[PDB]
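J.: This is the structure I want to talk about, given as structure tokens.
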Ligand SMILES: [Mn+2]
Ligand SMILES: [Mn+2]
Ligand SMILES: [Mn+2]
Ligand SMILES: [Mn+2]
């Protein structure tokens, strides 16, 4: 829920070029100048493009920006491993009386080839079992690239309630991974004869089972 | 002579605005009556653009007011050039000191061999890179110096200004507050100035005698008197911007203006930073305004010992 | 160079209890920051508060309260002698003008050829009998003039003071309020002074030019600037115990201090008689205190234009 409209996610091949678009109105992009900010996986974003088409010194000519009417565009040629980050389009709005930005566009420059998530889930603990607080743990690791849609198959049906799942993030070996916890009462686990964690990436499904 | 009166209500955003009433306050202090009484032809050109300070928010501070100011100065310089070509001496009521850009520019267009006398506590001589974001009120001189040009940036609205004056053709009087770079600039570019110390150490009389030996020493030239109101001790001038204590005595500023008149070569005058919003009371406002009127009037002949107003003989009973 | 800051909270009985807070007031006006900014190495020695404590008021002013002073001055002179031998220039915040005894004494112990510039509305050259025992703030300089010793009585606690300076080695500036004997002393002993009349007669610039031709004319000497705050017109200096009208303009006092700096021989300075309780309002207090800070700063290099 931002002001400017950017595309949520783009991906492409190393060595290729990508364009990120920014959609606005008269009040923002219409009459005022636009800027582009590269925020990395973590840490403070930096100025990439300013005044539509200007690069700060040290920002290479592989990048450029363009703008016409109520939309602007960021171009990146010679796409490289380091480039994958969240990209923000920023301009000035005269009607809102505020500096405004796009939602942000996440980049996943394909550095390596696809990897399968070999999911390993654990059930209620003996302690938790008698402690009247069963927390189903289904941890996903060593997969590439991007976030994996996670779900909890429950008693021959779906289940979305009391469920949290972390963001995909790569480790030392650059394997992006996340974790999901299903919180039930002991009774919720007793009557229901079956339970499963349903995990999906770019391609295919791999789900485990607990009873 | 002939005298042209130009209202220029300039500003540097909210918390610093109110100076726009500056010209109106001087007017309301009977400026016209007094210059009339001196026996000088008075064409008043009213107030200038007075762009209603757009939406008073936003990036207007960042670009809208500065762009509008730069252009407002362009308009002023045109009016001044027109007034000066028509043979008038130019009185410019302010307004912030930034109007000095336009006035010295417009003056220079018909009087390219003009010199400047800068009466102000400050030197108002920063580069735009040195701006305090509340920008241009105290760095106007830079654009006009034809030796600081290679170190000053082309800004939005200021494309038109070409460097009018050399460093050896402006002389400052009244210096009490100066930022480090300005001091550097003045020493570096060899610009002549007389501060309160020089005033105390030499006496007001010798300051004007040196000032005239510098500027009009070997060649008669038109003089541009830019008078900042803060130059006077804050006890005298309490309704100004960034006023500094240890300022000129009432009699010293009259003495300057009087001396300037006697040279005969006064071609234009600026009276600036006369913010009445700054005053705590009506009296503080009017006393500053009234001081302004005096300074202008003294520059155009008003002698205190009695006016030059002709009297052939006295009545018979 | 280096500057030593010495608080000296002296006081006359009952009438001006407050003036001892003067030092703290000048401090609270950012004295340290400003001298720091000039590039001076700053050792502050705090305040050397009354060793026996402010003794409860009963008798005392005519008996033990002046002794407590005499000895306090002895301590001060020791600190000054120590600070001055260590190579520091000495700033002494007051406090009433009596601390001039100790400071000029302690200064003279390593700088025996020193000269004095006395900026004050008063001459403060009275004797211990002539101007009573109310206080010696108008009664100091005598203890230090070698020509006046045959007419000054050895008092309890002032046994230690030896006359530092000749009559031809102190010069006064600012004299506007003066008891008859002081006038006599100055004329009689041939002491050089410039009052407001002489100021109006010749102008501040000539005063300093003559003053330096007198004191340091034929040989460089270290200079002791004793600056009394009432010296400035009461409009400028409204928080002083006894203020006299027709005094120095802000610009004149900065010009003095500035001129003193340019000689380069400033060895010690006293800034005294600032009682802040005397102020009607917060602003009156702070404006006087702030004026003090300026005077010290101007003496140690601060010019009106910014060369930072
Ligand atoms: Mn100015
Ligand atoms: Mn000014
Ligand atoms: Mn005094
Ligand atoms: Mn005194």
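The numbering of chain C matches Swiss-Prot: 24-331, in order.
Header entry for method reads X-ray crystallography, 3.2 Å.
Cβ coordinates are placed from backbone N, Cα and C, and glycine is handled just like the others.
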J.: Need one residue: from C:202, C:221, C:223, the one Swiss-Prot lists with C:145, C:146, C:147, C:148, C:149, C:156, C:157, C:158, C:265, C:296 for substrate.
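T.: As annotated by Swiss-Prot, C:145, C:146, C:147, C:148, C:149, C:156, C:157, C:158, C:265, C:296 share the substrate site with C:202, chosen from C:202, C:221, C:223.
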J.: Of the candidates C:120, C:206, C:284, which one does Swiss-Prot list alongside C:143, C:147, C:251 as binding Mn(2+) 1?
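T.: As annotated by Swiss-Prot, C:143, C:147, C:251 share the Mn(2+) 1 site with C:120, chosen from C:120, C:206, C:284.
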J.: With CB distance below 8 Å as the criterion, list the binding-site residues among C:120, C:143, C:149, C:296 that sit near chain A.
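T.: Near chain A: none of C:120, C:143, C:149, C:296.
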J.: Say you check the Cα of residue C:202 (substrate binding site) against those of the binding-site residues C:120, C:145, C:251, C:253; which is nearest?
T.: C:145
J.: Can you tell me how far the Cα of residue C:145 (Mn(2+) 2 binding site) sits from the Cα of residue C:296 (substrate binding site), in Å?
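T.: It is 11 Å, counting Cα to Cα.
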J.: Given the binding-site residues C:147, C:251, C:253, which lie within 10 A of residue C:296 (substrate binding site) by CA-CA distance?
T.: C:251, C:253
J.: What are the other residues, in sequence order, whose C-beta lies within 8 angstroms of the center of the C-beta atoms of C:120, C:143, C:147, C:251 at the Mn(2+) 1 site?
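T.: The surrounding set, listed in chain order, is C:123, C:141, C:144, C:145, C:146, C:160, C:161, C:163, C:249, C:253, C:254, C:295, C:296.
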J.: Quick one: which of these binding-site residues, C:143, C:147, C:149, have their CA within 10 A of residue C:253 (Mn(2+) 2 binding site)?
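T.: Checking each Cα against residue C:253 (Mn(2+) 2 binding site), the hits are C:143.
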J.: Return the count of C-beta atoms lying within 10 angstroms of the C-beta of residue C:149 (substrate binding site), excluding that atom itself.
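T.: Neighbour count, Cβ to Cβ under the 10 Å cut-off: 22.
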J.: Quick check: in three-state DSSP terms, what is residue C:143 (Mn(2+) 1 binding site)?
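T.: It is coil.
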J.: Return the maximum Cα to Cα distance in Å (whole number) over the record's substrate-binding residues: C:145, C:146, C:147, C:148, C:149, C:156, C:157, C:158, C:202, C:265, C:296.
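T.: Farthest-apart Cα atoms in C:145, C:146, C:147, C:148, C:149, C:156, C:157, C:158, C:202, C:265, C:296 are separated by 18 Å.
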J.: Filter the binding-site residues C:143, C:149, C:251, C:296 down to those with CB closer than 6 A to an atom of ligand 3; keep them in sequence order.
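T.: If the test is a Cβ under 6 Å from any atom of ligand 3, the answer is C:143, C:251, C:296.
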